[PDB]
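Scroll down for the structure; my scribbles are underneath it.
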Protein chains: 2
Amino acid sequence: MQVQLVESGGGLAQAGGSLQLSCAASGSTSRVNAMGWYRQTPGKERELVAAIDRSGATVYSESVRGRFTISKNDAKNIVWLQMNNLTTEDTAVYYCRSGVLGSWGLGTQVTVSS
Amino acid sequence: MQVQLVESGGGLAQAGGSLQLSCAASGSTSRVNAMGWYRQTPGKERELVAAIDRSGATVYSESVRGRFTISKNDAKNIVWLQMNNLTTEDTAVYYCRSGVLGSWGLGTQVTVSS
Ligand SMILES: CCC(=O)N(c1ccccc1)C1CCN(CCc2ccccc2)CC1
Ligand SMILES: CCC(=O)N(c1ccccc1)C1CCN(CCc2ccccc2)CC1
């Protein structure tokens, strides 16, 4: 029922180097309009690293801004995490997670003057 | 079927001031383990401002880091966006959006040496 995800990439890198992770979705992909990467370093809580939605909007944790990039190939149903300028603080297990985001409401208008 | 969201807050603020937005969920809330705030300034694409998942992990766009805080009351099924140190660049329509995030995989191990 849920979309099937296969996570690839990772292994060893040198400090200063780069790695690319990938996550391939298959099965019930039509409803999936969000994908995200988390990580967990030993002893610490799992944290959200990067996320992307179907429109291409992206968001990153402070700890990886500018160094990591999340991208997608919509037709292949694959998302990548490019990880640049690595340090030993990036050692962790990385998790790909799917999401189904809901409909748009009307929203609320915010006007800031002066 | 989908969770019902009611967005509140917003209106006018002065530059330098603060506002708090809120979004109240009801109905099919049990499956909802992510909530997010987007915004759209006129003529620009809608962008992801802040998101939170059931574990409390949060993520922010670069443009609001440190000024905006997303929080939740799990028992009331309400999320808030506290917006501090506003500027005219924060004028926009703000949208609350729900999400259902998938199961955890085993992940991939990344080890950075030296
Ligand atoms: C942000 C996530 C997202 O929106 N998706 C996604 C999911 C997992 C990994 C990468 C992207 C979509 C899932 C559905 N596919 C449909 C592809 C298609 C369309 C028309 C004909 C044939 C095939 C589009 C991308
Ligand atoms: C990150 C989103 C999230 O995970 N949620 C959420 C959804 C919308 C807005 C705020 C938070 C949960 C939705 C379900 N509620 C159940 C509450 C409950 C539990 C036990 C007995 C009685 C009531 C917990 C919070």
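Proteins get letters first, then strands, A, B, ... in listed order; numbering begins at 1 in each. What's counted below: heavy atoms across the whole structure, side chains too, no hydrogens, waters or symmetry copies.
Remark: B/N85 CG to B/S18 OG distance equals 6.5 Å, nearest 0.5 Å. Annotation: the span from B/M83 atom CE to B/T69 atom OG1 amounts to 11.0 Å, rounded to 0.5 Å. Atoms OG and CE, from B/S98 and B/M35 in turn, are 6.0 Å apart once rounded to the nearest 0.5 Å. Atom CG of A/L21 sits about 4.5 Å away from atom CH2 of A/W37, to the nearest 0.5 Å.
Applying the salt bridge (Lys or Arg N to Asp or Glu O under 4.0 Å) definition to pairs two or more places apart or across chains, none involves residues 101-114 of chain A. Pairs engaging residues 95-104 of chain A under the salt bridge (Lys or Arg N to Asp or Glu O under 4.0 Å) rule: A/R97-B/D53 [sequence neighbours left out]. Screening residues 55-80 of chain A for ring pair (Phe, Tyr, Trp, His ring centres under 6.0 Å) gives no qualifying pairs among residues at least two apart or on separate chains. The ring pair (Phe, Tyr, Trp, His ring centres under 6.0 Å) pairs that include a residue from residues 9-29 of chain A number zero, where partners must be two or more places apart or lie in different chains.
Using a 4.5 Å heavy-atom threshold, the side chains of B/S55 and A/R46 count as separate.
For A/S103, the side chain to side chain donor-acceptor pair (under 3.5 Å) test picks out B/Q2, with sequence neighbours left out. Take A/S28 and apply the side chain to side chain donor-acceptor pair (under 3.5 Å) test, not counting sequence neighbours, and it matches no residue. With sequence neighbours left out, B/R67 forms a salt bridge (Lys or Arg N to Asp or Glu O under 4.0 Å) with B/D90. With sequence neighbours left out, A/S61 forms a side chain to side chain donor-acceptor pair (under 3.5 Å) with A/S63. The side chain to side chain donor-acceptor pair (under 3.5 Å) test applied to B/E47 returns B/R39, not counting sequence neighbours.
Heavy-atom neighbours of B/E45 CD from other residues, nucleotides or ligands within 6.0 Å: at or below the threshold of 12. Residue B/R31 qualifies as open at atom CZ: its count of foreign heavy atoms under 6.0 Å is 12 or below.
With a 4.5 Å cut-off between side-chain heavy atoms of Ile, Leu, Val, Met, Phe, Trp and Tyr, the cluster of A/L101 takes in A/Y38, A/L48, A/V59, A/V93, A/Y95, A/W104, B/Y38, B/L48, B/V59, B/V93, B/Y95, B/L101, B/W104.
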List the atom pairs, with distances to 0.1 Å, where a side-chain N or O of residues 3-12 of chain A and a protein N or O form a donor-acceptor pair under 3.5 Å, not counting sequence neighbours.
{"unit_1": "A/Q4", "atom_1": "NE2", "unit_2": "A/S26", "atom_2": "OG", "d": "3.2"}
{"unit_1": "A/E7", "atom_1": "OE1", "unit_2": "B/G107", "atom_2": "N", "d": "2.9"}
{"unit_1": "A/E7", "atom_1": "OE2", "unit_2": "A/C96", "atom_2": "N", "d": "2.7"}

Residues 72-79 of chain A, side-chain donor-acceptor partners within the protein, below 3.5 Å, at least two apart:
{"unit_1": "A/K72", "atom_1": "NZ", "unit_2": "A/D74", "atom_2": "OD1", "d": "2.8"}
{"unit_1": "A/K72", "atom_1": "NZ", "unit_2": "A/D74", "atom_2": "OD2", "d": "3.1"}
{"unit_1": "A/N73", "atom_1": "OD1", "unit_2": "A/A75", "atom_2": "N", "d": "3.1"}
{"unit_1": "A/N73", "atom_1": "OD1", "unit_2": "A/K76", "atom_2": "N", "d": "3.0"}

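When atom types are taken as modelled, the side chain of B/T91 and the backbone of A/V112 share a donor-acceptor pair closer than 3.5 angstrom.
Residues A/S113 and B/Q14 approach most closely at OG-OE1, 2.9 Å, considering heavy atoms.
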